[PDB]
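Below is one structure, written out as structure tokens, with a few remarks after it.
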Amino acid sequence: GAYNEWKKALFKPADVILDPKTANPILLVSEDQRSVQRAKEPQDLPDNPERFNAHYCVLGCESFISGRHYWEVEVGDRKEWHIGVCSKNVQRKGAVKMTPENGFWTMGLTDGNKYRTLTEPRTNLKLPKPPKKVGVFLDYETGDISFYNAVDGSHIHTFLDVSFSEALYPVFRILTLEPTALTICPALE
């Protein structure tokens, strides 16, 4: 239907590779760099400038300054996750609040069934069908970051008409210990 036909007509499928150099030491990025899990305890890693040292986040390797791009994320039945995009120059050392003011445009799930945007004030999102796969859509020039249920195509949230002035990375955050990983669909190609 509309979602499938639209994504294919208009957005370039991004091949998102999770970047281990960015990941907080509490995260474990899979071998193929397509999945991330949250570990019990932090790994011993470099404190290189790219690495988030407080927020439990990882970025894709590739950033964008133009165009229409999408990727789909298999969240499955994981009870907590937040995903979206963030500016290249976000504060990576120390924990700043994850909001659009601070360069993050993200939504997600907390506490098993509370869907929300990471904004001030928060928008609580009523999803009586829980998504298992989420499509993330970037239109850099219009400034719209959209989230869809990637199975039934229903719209979840859009951040509308942002004037981006930095490169944008895919971002993924998982706070809790859960058996289901967060998985990037490759769609490639």
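All Cβ positions, even for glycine, are placed from backbone atoms using ideal geometry, and neighbour counts span all protein chains on display. A short reminder: the numbers here are calculations on the coordinates, not readings from a lab.
Of everything in region 141-189, what is closer than 26 Å to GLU101 by Cα, among the β-branched types (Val, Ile, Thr), part of a strand (DSSP E or B) and in contact (Cβ under 8 Å) with a residue 24 or more places away in the chain? Give them in sequence order. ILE145, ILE156, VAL171 - these are the residues of region 141-189 that are closer than 26 Å to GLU101 by Cα, among the β-branched types (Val, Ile, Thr), part of a strand (DSSP E or B) and in contact (Cβ under 8 Å) with a residue 24 or more places away in the chain. In region 95-112, the residue that is surrounded by the most Cβ atoms within 10 Å (Cβ to Cβ) out of those that are in contact with a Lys or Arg (Cβ under 8 Å, 6 or more places away or on another chain) and either of a type in the set (D, E, K, R) or in a loop (DSSP other than H, G, I, E, B) (or both) is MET98.
Could you tell me which residue of region 1-38 is surrounded by the most Cβ atoms within 10 Å (Cβ to Cβ), considering only residues that are part of a loop (DSSP other than H, G, I, E, B) and of a type in the set (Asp, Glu)?
The extreme case among them is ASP19.
So which residues in region 39-63 are surrounded by 19 or more Cβ atoms within 10 Å (Cβ to Cβ) and closer than 20 Å to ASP15 by Cα, if there are any at all? Talk me through it step by step, then tell me what you get.
Our first condition is that a residue be surrounded by 19 or more Cβ atoms within 10 Å (Cβ to Cβ); within region 39-63, this holds for 51-52, 55-60.
Of everything in region 39-63, those that are surrounded by 19 or more Cβ atoms within 10 Å (Cβ to Cβ) and closer than 20 Å to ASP15 by Cα turn out to be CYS57, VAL58, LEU59, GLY60.
Find the residue count for region 162-186, including only residues that are out of contact with any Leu (no Cβ under 8 Å at 6 or more places or on another chain) and either within 19 Å of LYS79 (Cβ to Cβ) or loosely packed, with under 14 Cβ neighbours inside 10 Å (or both). Spell out how you get there, then give the answer.
Within region 162-186, the subset out of contact with any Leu (no Cβ under 8 Å at 6 or more places or on another chain) is 162-167, 173, 175-183, 185-186.
Then drop every residue that is not either within 19 Å of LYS79 (Cβ to Cβ) or loosely packed, with under 14 Cβ neighbours inside 10 Å (or both), which leaves 163, 165-166, 173, 175-183.
Number satisfying all stated conditions: 13.
Evaluating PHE159 against the criteria (1) loosely packed, with under 15 Cβ neighbours inside 10 Å; (2) in contact with a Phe, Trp or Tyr (Cβ under 9 Å, 6 or more places away or on another chain); (3) of a type outside the set (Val, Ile, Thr) leaves one unmet condition, (1). Among the residues of region 55-89, those identified as part of a loop (DSSP other than H, G, I, E, B) and charged (D, E, K, R) are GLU62, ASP77, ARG78, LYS79, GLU80, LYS88.
The set of residues in region 117-152 being of a type in the set (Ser, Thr, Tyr) and within 21 Å of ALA2 (Cα to Cα) consists of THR142, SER146, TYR148.
Checking each residue in region 162-189 for being among the aromatic types (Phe, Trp, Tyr) and out of contact with any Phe, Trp or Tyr (no Cβ under 7 Å at 6 or more places or on another chain) picks out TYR169, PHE172. A single entry from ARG92, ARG51 fulfils the requirement of being touching a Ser or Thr at 6+ places or on another chain (Cβ under 7 Å) and part of a loop (DSSP other than H, G, I, E, B): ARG51.
Annotation note: Cβ proximity below 8 Å between a residue of region 116-137 that is touching a residue at least 24 places away in the same chain (Cβ under 8 Å) and a residue that is of a type in the set (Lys, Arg) (sequence gap 6+ or interchain) occurs for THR123/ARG116; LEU125/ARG116; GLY135/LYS7; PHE137/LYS7; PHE137/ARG68.
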